[PDB]
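Spelled out from the first residue to the last, the chains are:
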Amino acid sequence: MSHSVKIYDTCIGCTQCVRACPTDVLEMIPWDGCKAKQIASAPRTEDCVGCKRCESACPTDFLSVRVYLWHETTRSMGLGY
Amino acid sequence: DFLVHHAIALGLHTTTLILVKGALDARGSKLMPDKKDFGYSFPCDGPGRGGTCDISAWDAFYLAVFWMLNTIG
Amino acid sequence: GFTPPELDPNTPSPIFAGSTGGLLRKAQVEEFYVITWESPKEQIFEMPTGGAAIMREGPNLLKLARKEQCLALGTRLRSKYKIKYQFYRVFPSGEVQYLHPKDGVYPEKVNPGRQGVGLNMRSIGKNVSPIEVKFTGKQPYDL
Amino acid sequence: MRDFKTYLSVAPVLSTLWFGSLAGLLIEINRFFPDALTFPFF
Amino acid sequence: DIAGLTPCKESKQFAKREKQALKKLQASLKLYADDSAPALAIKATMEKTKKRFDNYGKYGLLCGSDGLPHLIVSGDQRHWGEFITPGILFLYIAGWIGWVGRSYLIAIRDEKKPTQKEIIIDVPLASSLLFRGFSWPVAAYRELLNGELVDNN
Amino acid sequence: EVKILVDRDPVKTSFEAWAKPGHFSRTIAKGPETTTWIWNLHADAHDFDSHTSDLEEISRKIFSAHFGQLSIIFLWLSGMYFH
Amino acid sequence: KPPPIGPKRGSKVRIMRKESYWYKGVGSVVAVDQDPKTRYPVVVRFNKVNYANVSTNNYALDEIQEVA
Ligand code: CLA
Ligand SMILES: CC1=C(/C=C/C(C)=C/C=C/C(C)=C\C=C\C=C(C)\C=C\C=C(C)\C=C\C2=C(C)CCCC2(C)C)C(C)(C)CCC1
Ligand code: SF4
Ligand code: SF4
């Protein structure tokens, strides 16, 4: 019951996906598949709203972070009431 | 009759263009290579990559319904 | 081994004159978020619920209705006033969940000890076609 | 003068000059050869 | 008499339409003195209408039952000047424009910043390439024969 | 204190800025990469608050744009009186 | 003795990546990462910008095709 945020191995290591998140879904974890020695991860997709700001800042040829809209809750529908 | 039949042909060709474009770009395009993972009907892919409103094949059907109505009219 | 800082209920609140954008019934039947920071100087900031408040010197506690409001306020505090901030989630049962820095370090910068969730060891175009996942609960991106 | 000629080479100014010349040519042709429905020269 | 259409020079309804046009113009003319500028303009309009109707009659156009000329585009040699000859002229001019544009785009293709040559047109090269479209059919046919018209990507 | 405060010759009259489209801002003066730039060039043309952060230049541009508008209005009035 | 892997820098390469904006396009190699753990070492720069206004990308060896 949350939007599905997936990280692929084409991630360069730029933290812009994490800095562009308004609900603290993504974080940076260590890795070894790129020069930056880090990759993004989505452990808190239960708070994901689906704004897709994270994949609006991904600089690869296609998005290494992908948000698939899914079952919606009160915190996934952006409801303050 | 000639003019209205050519307008009819225009309507048929345009509606076919919309529907065929939706059917053939349903699985993906250069803007959204993984459209098949998002199902038939989804709203958009966000404002990134310039904007992605009406990018699904369902939206192609929705746009082509107007042209079909105009042609039958 | 980073331990989460405990919530202090006796923390004073910023000087605010009241707004209609605050808490609602969702704060009672469901959860509501609480952001705590430490202002080194008594200044004035802009609330995410509309209007302006006056934070007091020392520790400050503010209750909001959404996590996005807490994160937006914290980003404003960090960028404009350079204040360390932590926010929690409070349930009607009284449970408190320490939310934002899960290891004490900001998520933008790398920190050891974090586990990968939602990591796919392939390019995005190598996803399995939907016809191969039909009549099964598994989605192409979940494989 | 080079900058002014570069400005004259920009898209709207050049398009305006070209389309004004074309419109003037078409208008003069329509004055001197009015009400043309067929091509009767051959 | 193709498709049951009388020629415009032997059509009673064509002359009737000319009569209505001239009658309306004379009714407008009656409001002014003959030596005035509006009267001269109306008289010039009437003379233009008479010349137009005479030319339409003498051009060989086939007039329908409503008194209006009907174009035949089936390719009949009596009516090649209605569609086929203007169509050939239009195709020549459009091929000229397209060939000149394609030549200009090809010429500025291998530059440092080609887009700067699109917002700001480089006039000497464009004027050099303007007359290259005069022989556009020959150049296009040879380029198609040498396999230079298409790009195999 | 209310005097005539005027600086002499702040902007050089030249056609160099005419030859370069979109000179007013930075993200646009780099040159067109796509067609959208052209539309942007007609969208930020009179947004003086985004070109510079100084109120003085913005106010001067506003004053001269008002003068140009008044000139256009006077030209239109002259046209109506002539016609 | 270990030779550098990947194409020489400055050479032209085809992409052959179905999800890429430059799938059939040709780019120029600007750098190749010699770390064997790097999954996409071949840095390619293209003349045209994509929909994200980015003209550079990283590709792997199998998604690289030399041209003459
Ligand atoms: C009593 C003299 C006076 C007059 C007549 C005006 C009149 C005007 N001012 Mg104001 N203004 C004044 C004093 C004056 N101002 C002072 C002292 C200041 C500084 C505190 C300002 C600050 C100011 C600003 C910042 C702006 C204006 C604008 C305008 C115009 C807007 C109204 C409109 O267009 O109606 C139509 C009115 C007319 C056409 C009627 C005739 C008025 C004549 C043409 C004006 C000559 C007046 C001028 C002050 C004296 C000449 C100076 C000398 C060296 C030649 C108008 C021309 C706005 C504008 O449009 O600027 C271009 C604008 O942006 N004014
Ligand atoms: C006789 C006639 C007719 C008919 C016709 C027809 C039927 C036709 C067809 C046609 C066709 C069926 C065609 C096809 C084609 C194909 C293709 C394939 C094409 C291509 C093209 C191109 C390639 C071009 C190019 C170019 C040029 C050259 C120039 C300009 C630019 C460009 C680049 C565009 C009618 C009856 C109507 C009328 C009378 C006459
Ligand atoms: S997910 Fe996007 S922002 Fe994050 S490292 Fe990968 S490419 Fe960079
Ligand atoms: S869609 Fe929005 S909330 Fe969800 S991970 Fe991306 S940036 Fe964060």
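Rules of the game
- Residues numbered from 1 in each chain as written, not as in the entry; some residues may be left out.
- Chains lettered and ligands numbered in written order.
- Part of a larger assembly, values for the part shown.
- Heavy atoms only, no water.
- UniProt positions renumbered as here; feature names shortened; annotations may be inferred.
- Pairing = 2+ DSSP bridges.
- Helix = DSSP H or I, 4+ residues; strand = E, 2+ residues; numbered from the N terminus.
- Contact = heavy atoms within 4.5 Å.
- Buried area = accessible area lost by both parts, 1.4 Å probe.
- Salt bridge = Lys/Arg side-chain N within 4 Å of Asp/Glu carboxyl O.
- Polar contact = N/O pair within 3.5 Å; in protein donor to acceptor, adjacent residues only side chain to side chain.
- Patch = residues over 30% accessible without salt bridge, like charges linked within 9 Å, V, L, I, M, F, W, Y side chains within 5 Å.
- Areas by Shrake-Rupley, 256 points an atom, 1.4 Å probe, with all protein chains shown as cover.
- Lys, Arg positive; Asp, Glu negative; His and termini not counted.
- Charge placed at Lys NZ, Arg CZ, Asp CG, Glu CD.
- Axes fitted to C-alpha atoms, helices over the stretch in contact; angles between N-to-C directions.
- Parallel < 35°, antiparallel > 145°, perpendicular 65-115°, else oblique.
- Nonpolar A, V, L, I, M, F, W, Y, C, P; charged D, E, K, R; others polar.
- Near = heavy atom within 4 Å.
- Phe/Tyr/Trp six-rings, centres within 6.5 Å; stacked < 30°, edge-to-face > 60°.
- Buried < 20%, exposed > 50% of the residue type's maximum accessible area, 1.4 Å probe, protein only.

As deposited, the entry is annotated with cryo-EM as its determination method and 3.19 Å as its resolution.

As deposited in the PDB, this entry carries the title "NDH-PSI-LHCI supercomplex from S. oleracea". Chain G has a UniProt comment under Function that states "Stabilizes the interaction between PsaC and the PSI core, assists the docking of the ferredoxin to PSI and interacts with ferredoxin-NADP oxidoreductase." For the record of chain G, the UniProt heading Sequence similarities holds the text "Belongs to the PsaE family."

K.L.:
What's the story with the sheet that holds strand 1 (residues 4–8) of chain A in this structure? I'm lost.
P.N.:
Backbone hydrogen bonds are what pair the strands of a sheet, in a parallel or an antiparallel way. Spatially, 4(A)-1(A)-7(C) is the arrangement adopted by the three strands of the open sheet, whose pairing is mixed. Edge positions in the sheet fall to strand 4 (65–68) of chain A together with strand 7 (119–120) of chain C, since each has one partner strand and no second. Of the strand pairs in this sheet, strand 1 of chain A and strand 4 of chain A are connected by four bridges, and their pairing is antiparallel. Bridge pairing in strand 4 of chain A places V5(A) opposite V67(A).

K.L.:
Teacher, can you tell me more about the interface of chain A and chain C here?
P.N.:
Frequently, the measure chosen for interface size is the accessible area removed from exposure when the parts meet. The interface of chain A with chain C comprises 41 residues on the first partner and 34 residues on the second. Interface area for chain A against chain C, summed over the two sides, is near 3100 Å², with a carbon-plus-sulfur share of 55%. Applying the counting criterion to the chain A and chain C interface returns six salt bridges. Where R75(A) meets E31(C), a salt bridge forms, and the shortest distance between an N and an O atom there is 3.0 Å. Across the chain A-chain C interface, the total number found is 15 residue pairs in polar contact.

K.L.:
Help me understand a positive patch on the surface, please; the structure alone is not making it clear to me.
P.N.:
Positive charge collects at one region of the surface, where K112(E), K113(E), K20(F), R26(F) and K30(F) lie side by side. Take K112(E): it is sitting in the loop between helix 3 (84–107) and helix 4 (116–119).

K.L.:
How do you make sense of the packing of helix 1 (residues 2–24) of chain B against helix 2 (residues 57–72) of chain B when you look at a structure like this?
P.N.:
Relative orientation and spacing of two packed helices are given, respectively, by the angle between their axes and the distance between those axes. Residue and element names in this part refer to chain B. Orientation of helix 1 relative to helix 2, taken along the N-to-C sense of each, is 170°, at an axis distance of 8 Å. By the angle between their axes, helix 1 is roughly antiparallel relative to helix 2. In contact with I8, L10, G11, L12, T14, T15, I18, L19 and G22 of helix 1, helix 2 contributes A57, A60, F61, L63, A64, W67, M68 and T71. For the contact of helix 1 with helix 2, the class distribution of residues is 12 nonpolar, five polar and no charged.

K.L.:
What's the story with the site of ligand 3 in this structure? I'm lost.
P.N.:
In the vicinity of ligand 3, the contacting residues are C11(A), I12(A), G13(A), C14(A), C17(A), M28(A), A40(A), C58(A), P59(A), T60(A), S64(A) and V65(A). Tallied by class, residues from the shell around ligand 3 come to nine nonpolar, three polar and no charged.

K.L.:
When you look at the packing of helix 1 (residues 12–29) of chain E against helix 2 (residues 37–58) of chain E in this model, what are you seeing that I'm missing?
P.N.:
Residue and element names in this part refer to chain E. Following both chains from N to C, one finds helix 1 and helix 2 inclined at 175°, their axes separated by 10 Å at the closest point. What the angle tells us is that helix 1 and helix 2 run roughly antiparallel. Each of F14, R17, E18, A21, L22, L25, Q26, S28 and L29 in helix 1 lies in contact with helix 2, whose residues at this interface are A39, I42, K43, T45, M46, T49, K50, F53, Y56 and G57. Tallied by class, the residues present in the contact of helix 1 with helix 2 amount to 10 nonpolar, five polar and four charged.

K.L.:
In this structure, what is going on with the pairing of strand 2 (residues 26–32) of chain G? I would like to understand it.
P.N.:
Moving residue by residue along a regular strand, the side chains alternate between the two faces of the sheet. Residue and element names in this part refer to chain G. Direction of pairing for strand 1 (residues 12–14) relative to strand 2: antiparallel, over a ladder of three bridges. Counterpart to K12 in the pairing with strand 2 is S28. Relative to strand 3 (residues 42–45), strand 2 is paired through four bridges, and the arrangement is antiparallel. Opposite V29, over in strand 3, you have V44 as the bridge partner.

K.L.:
Looking at this structure, how should I read the packing of aromatic side chains?
P.N.:
Pairs of aromatic rings are described using the distance from one ring centre to the other and the angle between the two planes. Summed over all chains, the structure comprises 25 aromatic pairs over all chains. Seen in terms of ring centroids, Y68(A) and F38(B) are 5.2 Å apart; in terms of plane orientation they differ by 40°. Their pairing is tilted. Taken together, the residues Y68(A) in strand 4 and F38(B) in the loop between helix 1 and helix 2 connect one chain to another. Ring pairing ties together the aromatic residues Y21(G), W22(G), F46(G), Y51(G) and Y59(G), which thus form one cluster.

K.L.:
In this structure, what is going on with the site of ligand 2? I would like to understand it.
P.N.:
All names here are of chain E. Taken together, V73, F83, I84, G95, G98, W136, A140 and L149 make up the full set of residues adjacent to ligand 2. Contact with the protein chains hides 28% of the accessible area of ligand 2, taken as 960 Å² for the molecule alone. Every element with two or more residues in the shell around ligand 2 is listed here: helix 3 and helix 6 (136–145). Per element, the largest residue contribution to the shell around ligand 2 is three residues, and it comes from helix 3.

K.L.:
I tried to follow the pattern of salt bridges on my own but got confused; where do I start?
P.N.:
Oppositely charged side chains can pair when the atoms bearing their charge come close. Tallied over the full model, the rule gives 34 salt bridges over all chains. When the shortest N-O distance is used, the salt bridge between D142(C) and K6(A) registers 3.6 Å. Of this pair, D142(C) sits in the segment after strand 7 while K6(A) sits in strand 1, placing the two residues on different chains. You can call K6(A) buried: its relative accessible area is 13%. Notably, a salt bridge pairs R60(F) with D7(F), separated by 2.6 Å at the nearest N-O pair. Residue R60(F) is located in helix 5 (residues 55–82), and its partner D7(F) is located in the segment before helix 1 (16–19); the two are separated by 53 residues in the primary sequence. You can call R60(F) partly exposed: its relative accessible area is 30%. Taking the relative accessible area as the measure of exposure, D7(F) reaches 35% and is therefore partly exposed.

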